[PDB]
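**Q** Can you keep this structure in mind? I'll have questions shortly.
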Amino acid sequence: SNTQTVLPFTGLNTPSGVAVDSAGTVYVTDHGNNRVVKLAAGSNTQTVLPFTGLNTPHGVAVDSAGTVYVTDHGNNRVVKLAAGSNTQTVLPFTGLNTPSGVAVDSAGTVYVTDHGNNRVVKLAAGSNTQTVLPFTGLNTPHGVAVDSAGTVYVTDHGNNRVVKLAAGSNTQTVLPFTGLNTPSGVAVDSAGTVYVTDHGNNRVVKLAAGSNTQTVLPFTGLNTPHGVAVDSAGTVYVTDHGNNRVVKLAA
Ligand SMILES: [Cl-]
Ligand SMILES: [Cl-]
Ligand SMILES: [Cl-]
Ligand SMILES: [Cl-]
Ligand SMILES: [Cl-]
Ligand SMILES: [Cl-]
């Protein structure tokens with residue numbers, strides 16, 4: 001698990017968000033090219049998802065049914081496409097400003113870092129009443145992940161930290177990472193290990209739940225890791241923004 005592979009995407013331009021579904025399909029926001037692409041496990045040829053009207057897709061998430069959710073940064077909205085659909089829908093968030101990260105929990109609740117408005121919002125599936133999560137002291141939430149229990153993890157880009165808030169709680173905590181610099185992407189695996197792209201320091205780090213010892217993942221040749229996803233096998237996928245590529249490391 002010290003051997004990185006470059007995924008056989010083509011034509012990427014500063015990729016930003018990455019997500020992986022239960023079948024191992026990898027989804028990437030091709031942020032410089034105004035499109036979202038996917039690659040099935042074992043395929044060497046990507047496909048372009050049929051989103052339309054985008055103005056810079058920035059983050060991506062996928063739920064257990066294969067529905068794909070994308071932050072449309074320049075349109076202040078989150079769009080979704082069901083598996084097998086050519087008809088996108090717009091989630092009824094309101095008042096967003098350059099949304100960046102998106103996550104979806106097992107109940108279908110969608111969480112977005114409303115990055116221009118210094119807040120994190122969520123919308124239960126079928127709701128049109130969003131809730132602002134009670135994080136405090138943020139300086140630009142950038143990425144978001146949510147674990148199996150509904151605990152929410154956010155990269156606080158301007159405070160060089162990752163904050164955590166359990167469902168129902170009003171009291172966040174700060175995870176004991178060391179020496180982060182403008183962290184961007186965050187992911188959490190089924191063991192509760194938290195993975196962060198330390199975007200200002202050219203590295204990807206992880207922290208097991210309850211640990212104070214972070215480990216630096218053995219990626220090589222990075223030029224700004226920007227987003228991170230982790231599959232059910234513990235394989236880690238990272239957008240290497242300055243190399244126009246997506247790399248992965250098996251557990
Ligand atoms: Cl960016
Ligand atoms: Cl951007
Ligand atoms: Cl940005
Ligand atoms: Cl930012
Ligand atoms: Cl950024
Ligand atoms: Cl960047």
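**Q** Where the only charges are on Cβ atoms (+1 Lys, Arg; -1 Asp, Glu), what is the dipole of the chain about its Cα centre, to the nearest 20 debye?
**A** 160
**Q** Follow-up question, since we're still on this one. Taking θ = phi - 60°, what integer Hz values does the Karplus form 6.51 cos²θ - 1.76 cosθ + 1.60 yield along segment 234-251, in sequence order, with x for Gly and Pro?
**A** x, 6, 10, 10, 9, 7, 9, 4, x, 10, 6, 8, 10, 10, 9, 10, 6, 4
**Q** Over the Cα atoms of the chain, what is the Rg over Rh ratio if Rh follows Kirkwood? Present the calculation step by step, with values, prior to reporting the outcome.
**A** Values: Rg = 16.3 Å, Rh = 17.6 Å.
Result for the chain is an Rg/Rh of 0.93.
**Q** Follow-up. Could you tell me the center-to-center distance, by alpha carbons, between segment 126-150 and segment 161-223 in angstrom?
**A** Cα centroid to Cα centroid, the span is 16 Å.
**Q** Still on this model: Normalised by the residues of segment 31-119, what does the relative contact order come to in percent, with Cα pairs under 8 Å and at least six apart?
**A** 21 percent.
**Q** What order do you get for 201-214, 6-19, 144-157 when each peptide is scored by the mean count of other beta carbon atoms within 10 Å, highest first?
**A** By packing density, highest mean first, the sequence is 144-157, 6-19, 201-214.
**Q** If you plug each phi of segment 84-99 into the Karplus form 6.51 cos²θ - 1.76 cosθ + 1.60 with θ = phi - 60°, what whole-Hz ³J(HN,Hα) values come out, in order, with x for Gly and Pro?
**A** My calculation for segment 84-99 gives x, 9, 9, 10, 7, 10, 10, 5, x, 5, 9, x, 6, 9, 6, x Hz in order.
**Q** At a threshold of 8 angstrom on Cα-Cα distance, excluding pairs fewer than six apart, so keeping six or more, what relative contact order does the chain reach in percent?
**A** 16
**Q** Could you list which residues have their amide H under 5 Å from that of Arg245, counting only those 5 or more apart in sequence or on another chain, with H placed in the peptide plane?
**A** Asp240
**Q** Determine, for each peptide in 238-248, 48-58, the mean count of other beta carbons within 10 angstrom over its residues, then list the peptides with the highest first. Before the final figure, lay out the partial values.
**A** Working: 238-248: 21.4, 48-58: 16.5.
Those peptides, ordered most packed to least, come out 238-248, 48-58.
Just so you know, all these numbers are worked out from the coordinates, no wet-lab data involved. Using ideal geometry, Cβ is built from the backbone for each residue, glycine included, and neighbour counts are taken over all protein chains shown.
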